[PDB]
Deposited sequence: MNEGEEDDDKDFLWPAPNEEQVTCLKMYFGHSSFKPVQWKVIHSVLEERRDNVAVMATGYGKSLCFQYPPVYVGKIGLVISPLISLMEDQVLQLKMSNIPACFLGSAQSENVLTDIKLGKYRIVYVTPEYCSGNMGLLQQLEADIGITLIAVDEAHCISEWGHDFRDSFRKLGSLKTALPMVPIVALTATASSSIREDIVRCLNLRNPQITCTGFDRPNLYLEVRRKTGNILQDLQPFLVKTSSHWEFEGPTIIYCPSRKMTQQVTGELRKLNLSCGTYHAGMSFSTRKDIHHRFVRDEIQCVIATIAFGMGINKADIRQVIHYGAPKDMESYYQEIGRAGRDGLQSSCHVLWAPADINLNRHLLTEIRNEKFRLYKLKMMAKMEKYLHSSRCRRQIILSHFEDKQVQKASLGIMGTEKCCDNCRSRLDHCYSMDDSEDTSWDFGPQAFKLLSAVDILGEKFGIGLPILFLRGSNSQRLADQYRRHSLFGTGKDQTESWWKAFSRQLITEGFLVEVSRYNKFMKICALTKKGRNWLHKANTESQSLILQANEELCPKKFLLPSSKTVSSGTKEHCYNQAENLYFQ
């Protein structure tokens, strides 16, 4: 067990990064790299705090940290974010002046961003910085690009194996997307890491509700369910990102949203630094409500309170999908992630990959598109399927407290609205709330029959038309009369209802108990649960 940080370390974190404490895995990596000078392979979920692991140590000791990445636009964005935290950083490339390079040699910058190509060609420069200043760490983001079995291989990374040779005292921190053992093996062997610490944060984002819908045929019909008509104009429910597979589909979606006068912006690769800066400005400040994006990184979609992610079209793969939905709910508030898809979507098109020569690669793409289509068509828990892919193992639904609840995914939410089996211990809270309310709404003056007719939307004359205006009228048609009758007998046995006759023995009423009235009081103001021992009559297999 590693030690807690000292006060000087915490003070540095507050002054430069505005955080009052390290996250657990952040400190795992930081202490290992900063104080133990040990190589690291770190797998961090979306929105955990990956960048702090390599930005903080060079700031704390006032030396240089080298960040190797192929995403030039992302390195530009992070440089700006660092300077706005009073941290000097720069992107080093062939196009840079010697004044920037001489300021680097004098130690004016804490964090230096380079591409893999520039790094392979200038190993002598790296050794000079190590002798004169000292390199705290070398970060290799997108480290899965080092070998084939990742979702995106690059050849420029293979020459990073000389870093350990030219700099055997400098620890390397490699960041990758999944906890895949095979990918981690390749990173260690190709980067020449020496017994590195292996850390994984887990991948669950419990505040992200997951849903998958089929496309309806036209864009406006697909998107209008996500809109609210305030006054006499349309609005998104909250800040929204719409991911499109192509620029063409981006323009089509934009053209349709403009029909409703929705405030929208686009986000693509190859945009200028000024364009990305302006999009970030408008999105963060809620001057645009929706960003329609074809990329999943950068300033433009770096926003804390994104409430809704929409994939318009099947996602490319599970890794892209996870990163793309990972942009939502970074403030901890409840967010929703919807995929709108059809079998003809371009990312599910097996027509356009017959012409790839590699044997294992073509089979990988076929299995990925089959895995994607299986997830989209699945009736089981969306969250369990996603967590299984990134843990490289079958995940149990009992591992996290979010699975199986109404805020988990659409397939879990369907089971709470109309239960089914796969001892039966199930949450009948939603159904009990309908029944116990109907008993109290009708005044506890009739038998259980009238509340049942109320819930099933009966046209009977026993029910006064004043009750047909109610919200619950007809919301129980999912269950038969005998089901509601049998469910009421379980509420009598458990002790939430009782049958009672007063002086008039020709009138039997069904009334709430003390426990019944107490439960309904809490359920009026909070979503309450009610666990039961059931029969296959209640939740059939």
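Peer 1: Since the structure holds only modelled residues, which stretches of the deposited sequence does it leave out?
Peer 2: Seq positions lacking coordinates: 1-12, 435-438, 558-585.
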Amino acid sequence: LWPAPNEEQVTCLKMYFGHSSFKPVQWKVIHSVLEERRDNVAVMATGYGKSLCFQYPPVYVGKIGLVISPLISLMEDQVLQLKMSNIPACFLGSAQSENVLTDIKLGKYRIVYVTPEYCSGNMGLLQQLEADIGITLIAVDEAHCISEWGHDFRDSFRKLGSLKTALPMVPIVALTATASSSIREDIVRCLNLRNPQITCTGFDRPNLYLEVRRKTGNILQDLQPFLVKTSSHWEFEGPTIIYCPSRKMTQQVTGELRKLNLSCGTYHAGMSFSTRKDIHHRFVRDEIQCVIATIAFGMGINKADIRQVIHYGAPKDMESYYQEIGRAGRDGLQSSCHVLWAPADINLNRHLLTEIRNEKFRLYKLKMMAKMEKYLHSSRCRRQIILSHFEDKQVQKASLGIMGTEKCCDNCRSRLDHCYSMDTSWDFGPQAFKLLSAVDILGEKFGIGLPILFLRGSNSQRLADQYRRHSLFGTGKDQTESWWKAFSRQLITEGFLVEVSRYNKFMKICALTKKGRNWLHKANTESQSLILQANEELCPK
From here on, numbers count along this sequence of modelled residues.
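Peer 1: Tell me which stretch, 399-407 or 270-278, has the higher mean Cα B-factor listed in the entry.
Peer 2: Higher mean C-alpha B-factor in the PDB entry: 399-407.
Peer 1: So, looking at the entry's B-factor column for Cα atoms, which has the higher mean, 50-58 or 472-480?
Peer 2: Of 472-480 and 50-58, the stretch with the higher C-alpha B-factor average is 472-480.
Peer 1: By the entry's C-alpha temperature factors, tell me which of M422, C412, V112, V253 sits highest.
Peer 2: Among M422, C412, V112, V253, the PDB entry lists the largest C-alpha B-factor for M422.
Peer 1: Which of these, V140, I135, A95, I219, has its C-alpha atom at the highest B-factor, as the entry lists it?
Peer 2: Of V140, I135, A95, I219, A95 has the highest C-alpha B-factor.
Peer 1: Please place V291 in the lowest, middle or highest third of its chain by C-alpha B factor as given in the entry.
Peer 2: Lowest third, going by the recorded CA B-factors of the chain.
Peer 1: Looking at the entry's B-factor column for C-alpha atoms only, identify whether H19 ranks in the lowest, middle or highest third of its chain.
Peer 2: As the PDB entry reports it, the C-alpha B-factor of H19 lands in the lowest third of its chain.
Peer 1: Determine, from the deposited record, the chain-internal third of the Cα B-factor for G332: lowest, middle or highest.
Peer 2: Lowest third, going by the recorded CA B-factors of the chain.
Peer 1: Could you look up the Cα B-factor of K505 in the entry and say which third of the chain it sits in: lowest, middle or highest?
Peer 2: For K505, whose C-alpha B-factor we compare with every modelled residue in the chain, the answer is the highest third.
Peer 1: Is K485 in the lowest, middle or highest third of its chain when residues are ranked by C-alpha B-factor?
Peer 2: Middle third by C-alpha B-factor.
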